[PDB]
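Just below is one structure, and these are the notes that go with it.
No value in this document is a laboratory result; all are computed from the given coordinates. Cβ placement follows ideal geometry from the backbone for every residue including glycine, while neighbour counts extend to all protein chains displayed.
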Amino acid sequence: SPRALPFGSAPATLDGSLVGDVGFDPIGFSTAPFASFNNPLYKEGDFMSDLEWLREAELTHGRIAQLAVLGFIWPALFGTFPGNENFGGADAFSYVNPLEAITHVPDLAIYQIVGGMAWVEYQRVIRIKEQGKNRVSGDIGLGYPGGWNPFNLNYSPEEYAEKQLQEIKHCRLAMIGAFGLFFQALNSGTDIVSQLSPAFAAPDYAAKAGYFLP
Amino acid sequence: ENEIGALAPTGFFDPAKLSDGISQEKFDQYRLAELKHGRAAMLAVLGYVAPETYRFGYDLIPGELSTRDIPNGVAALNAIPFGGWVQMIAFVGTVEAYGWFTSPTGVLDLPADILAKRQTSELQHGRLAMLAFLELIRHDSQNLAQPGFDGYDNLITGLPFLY
Ligand SMILES: CC(=O)O[C@H]1CC(C)(C)C(=C=C/C(C)=C/C=C/C(C)=C/C=C/C=C(C)/C=C/C=C(\C)C(=O)C[C@@]23O[C@]2(C)C[C@@H](O)CC3(C)C)[C@](C)(O)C1
Ligand SMILES: CC(=O)O[C@H]1CC(C)(C)C(=C=C/C(C)=C/C=C/C(C)=C/C=C/C=C(C)/C=C/C=C(\C)C(=O)C[C@@]23O[C@]2(C)C[C@@H](O)CC3(C)C)[C@](C)(O)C1
Ligand SMILES: CC1=C(C#C/C(C)=C/C=C/C(C)=C/C=C/C=C(C)/C=C/C=C(C)/C=C/[C@@]23O[C@]2(C)C[C@@H](O)CC3(C)C)C(C)(C)C[C@H](O)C1
Ligand SMILES: CC1=C(C#C/C(C)=C/C=C/C(C)=C/C=C/C=C(C)/C=C/C=C(C)/C=C/[C@@]23O[C@]2(C)C[C@@H](O)CC3(C)C)C(C)(C)C[C@H](O)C1
């Protein structure tokens with residue numbers, strides 16, 4: 001196991017089951033049944049692989065957390081909260097602190113995005129419940145080679161391999177980063193712009209005034 | 001009785017008759033016991049530290065008696081109503097006799113080598129947590145007496161950043 005270099009992995013952890021198969025699985029819960037834990041829509045049929053189900057789990061989490069990162073920076077930096085609400089500055093642009101932004105925004109848009117991801121997972125289950133064989137992260141049509149939407153994916157199988165690698169890695173690293181940003185802002189009551197910009201500056205306490213010299 | 005439960009500190013620590021005799025007749029029972037004790041005391045230590053920075057906002061007696069106000073440490077025991085802790089324990093005892101959640105099933109495979117090593121490490125950690133719970137309770141009560149009889153006032157003497 002090169003990730004955990006001086007250690008052994010599961011008696012049956014695979015190297016080709018998922019792209020991210022460097023062997024990192026210290027407790028390696030992959031070994032455990034990883035089945036329809038508490039009846040997780042049990043199928044007993046193809047049922048993918050229990051490892052592959054944990055893989056779909058990591059994929060969903062990392063994808064959501066990746067989007068979450070940009071939703072922690074762009075509200076501040078990129079677009080500077082283009083809330084541009086017809087009225088009601090609160091629950092809009094004004095709350096640039098992401099935690100406070102959630103604190104304000106009415107349950108209208110909350111239920112909007114809730115039903116959005118609800119239809120998302122409804123279609124995901126609709127695929128995967130039938131999409132046996134290779135569940136392949138419940139891919140279905142979503143930007144697949146058939147490209148169920150615009151610019152239907154036009155790449156090569158080697159490019160597809162590299163792209164799977166890109167996605168998986170970025171999702172894992174973003175799963176770290178979202179934790180980062182969240183604990184940051186909560187334990188500072190600010191937004192990332194605040195601490196990072198006074199950091200890249202010179203404190204007002206010491207500035208050597210200005211070059212008022214003759 | 002020289003089974004798992006021994007390491008470099010002592011090959012069989014039992015400076016009394018305690019070990020010898022009841023050969024596999026009390027040794028397994030004592031393993032059950034020490035296991036349960038060490039696990040619970042580990043949970044205790046995690047208990048003490050976690051109320052110091054975080055606090056779940058639930059109102060134990062609805063309307064009032066909100067977690068955010070009850071003292072941490074031993075003082076909660078005096079606070080927590082007798083019957084309230086009785087109901088809490090009754091849930092715990094049902095859990096012990098029903099396996100309700102708390103990983104009701106699922107322990108992976110863990111081949112016998114790694115499994116034995118994990119079990120030994122478990123025993124050692126829980127044993128240590130027993131002593132950790134001891135020191136904590138000691139300090140707490142002693143301070144409760146003369147406010148800073150021990151000296152260092154803040155409850156968790158180490159981990160100074162918390163307090
Ligand atoms: C037709 C269709 O729809 O199909 C779709 C398929 C699909 C795949 C959706 C498509 C695509 C590609 C997509 C969406 C790719 C998205 C990738 C995304 C969004 C990847 C974010 C990563 C963020 C990470 C890793 C973390 C970074 C940041 C980290 C780790 C930090 O260090 C943050 C740090 O902040 C702290 C923690 C503290 C600060 O003190 C210091 C700094 C600032 C340094 C298409 C093309 O749209 C088509
Ligand atoms: C299948 C399923 O669903 O899940 C799985 C999940 C998983 C993980 C696999 C499972 C497991 C195993 C688990 C959960 C193991 C958990 C182990 C755990 C939680 C172990 C804590 C040890 C803490 C110690 C030793 C603390 C010592 C602390 C000590 C010695 C101190 O110094 C205390 C000190 O206090 C003083 C005295 C003074 C203070 O001034 C300073 C401090 C505070 C520092 C299960 C059960 O199989 C179920
Ligand atoms: C969109 C948005 C919001 C949001 C949001 C949300 C919901 C963000 C959520 C982010 C989320 C959901 C982040 C999850 C991280 C999970 C991690 C990091 C797991 C790591 C687990 C690790 C590192 C463990 C690795 C292991 O090796 C270990 C240690 C033992 C091994 O045996 C087994 C394995 C291999 C497992 C607000 C706040 C609502 C409004 C705001 O305005 C913007
Ligand atoms: C967490 C929390 C609370 C709590 C709690 C709870 C439930 C805490 C539980 C604590 C618990 C369960 C603590 C066990 C200790 C067992 C010990 C110390 C055993 C030692 C035994 C020793 C040292 C024996 C050593 C021997 O060598 C001898 C001497 C002779 C040899 O022949 C045999 C051996 C080698 C064995 C409060 C207080 C209710 C409220 C608060 O707010 C929050």
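Scan the range A:31-68 for residues that are in a helix (DSSP H, G or I) and closer than 12 Å to A:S137 by Cβ and jot them down.
A:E52, A:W53, A:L54, A:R55, A:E56, A:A57, A:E58, A:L59, A:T60, A:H61, A:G62, A:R63
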Would you check if there is a residue in the range B:120-134 being within 14 Å of chain A (Cβ to nearest Cβ) and aliphatic (A, V, I, L, M)?
-> no
Which residue out of A:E158, A:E167, A:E162 is touching a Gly at 6+ places or on another chain (Cβ under 9 Å), more than 10 Å from ligand 3 (Cβ to nearest atom), among the charged types (D, E, K, R) and at negative phi?
-> A:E167
Residue that is nearest to the other protein chains (Cβ to nearest Cβ) [pool: residues in the range B:18-49 that are assigned to a loop (DSSP other than H, G, I, E, B) and either near ligand 4 (Cβ under 8 Å from one of its atoms) or β-branched (V, I, T) (or both)] | B:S19
Scanning the range A:186-214 residue by residue, those in contact (Cβ under 8 Å) with a residue 12 or more places away in the chain and more than 18 Å from A:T80 (Cβ to Cβ) turn out to be A:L186, A:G189
Taking A:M48 as meeting all but one of (1) under 21 Å from the mean Cα position of the chain (by Cα); (2) within 22 Å of A:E167 (Cβ to Cβ), write down the number of the exception.
-> (1)
Quick one: in the range A:14-35, which of the residues that are small (G, A, S), within 12 Å of chain B (Cβ to nearest Cβ) and over 20 Å from A:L173 (Cα atoms) is surrounded by the fewest Cβ atoms within 10 Å (Cβ to Cβ)?
-> A:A35
Scan the range B:3-19 and give yes if some residue there is of a type outside the set (G, A, S), away from ligand 2 (no atom under 16 Å from the Cβ) and in contact (Cβ under 8 Å) with a residue 60 or more places away in the chain, otherwise no.
-> yes
Please enumerate the residues belonging to the range A:39-59 that are within 14 Å of chain B (Cβ to nearest Cβ), under 28 Å from A:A178 (Cα atoms) and not hydrophobic (A, V, I, L, M, F, W, C).
-> A:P40, A:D50
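This table checks each residue for (1) within 16 Å of ligand 4 (Cβ to nearest atom); (2) in contact with a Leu (Cβ under 9 Å, 6 or more places away or on another chain); (3) acidic (D, E); (4) touching a residue at least 12 places away in the same chain (Cβ under 8 Å).
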position	(1), (2), (3), (4)
B:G84	yes, yes, no, yes
B:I89	yes, no, no, no
B:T94	no, no, no, no
B:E122	yes, yes, yes, yes
B:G126	yes, yes, no, yes
B:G148	no, no, no, no
B:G151	no, no, no, no
B:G158	no, no, no, no
B:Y163	yes, yes, no, yes
Taking interchain pairs and intrachain pairs at least six residues apart, which have beta carbon atoms under 7 angstrom, with the first residue in the range A:60-84 and within 14 Å of chain B (Cβ to nearest Cβ) and hydroxyl-bearing (S, T, Y) and the second away from ligand 4 (no atom under 16 Å from the Cβ) and not in a loop (DSSP other than H, G, I, E, B)?
-> none
Which residues, taken from the range B:70-114, are surrounded by 10 or more Cβ atoms within 10 Å (Cβ to Cβ), within 14 Å of chain A (Cβ to nearest Cβ) and at negative phi?
-> B:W100, B:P104, B:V107, B:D109, B:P111, B:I114
Inspect the range B:38-51 for any residue being more than 26 Å from B:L134 (Cβ to Cβ) and either surrounded by 15 or more Cβ atoms within 10 Å (Cβ to Cβ) or not small (G, A, S) (or both) and give the result as yes or no.
-> no
Complete set of residues in the range A:75-95 that are hydrophobic (A, V, I, L, M, F, W, C) and more than 16 Å from ligand 1 (Cβ to nearest atom) | A:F81, A:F87, A:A90, A:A92, A:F93
From the option list A:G20, A:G16, A:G28, single residue qualifying as within 21 Å of the chain's Cα centre (by Cα) and either within 23 Å of A:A178 (Cβ to Cβ) or not polar (S, T, N, Q) (or both) is A:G20
Scan the range A:37-47 and give yes if some residue there is surrounded by 14 or more Cβ atoms within 10 Å (Cβ to Cβ), touching a helix residue (DSSP H, G or I) at 6+ places or on another chain (Cβ under 6 Å) and of a type outside the set (D, E), otherwise no.
-> no
Neighbours by Cβ (under 9 Å, 6+ apart or cross-chain): first from the range B:106-120, within 15 Å of A:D25 (Cα to Cα); second surrounded by 12 or more Cβ atoms within 10 Å (Cβ to Cβ) and of a type in the set (F, W, Y) | B:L108/A:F29
Kindly state which helices (runs of 4 or more DSSP H) lie completely within the range A:96-214 and contain at least 2 residues that are within 11 Å of ligand 1 (Cβ to nearest atom) and farther than 30 Å from A:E52 by Cα.
-> A:157-186, A:192-199
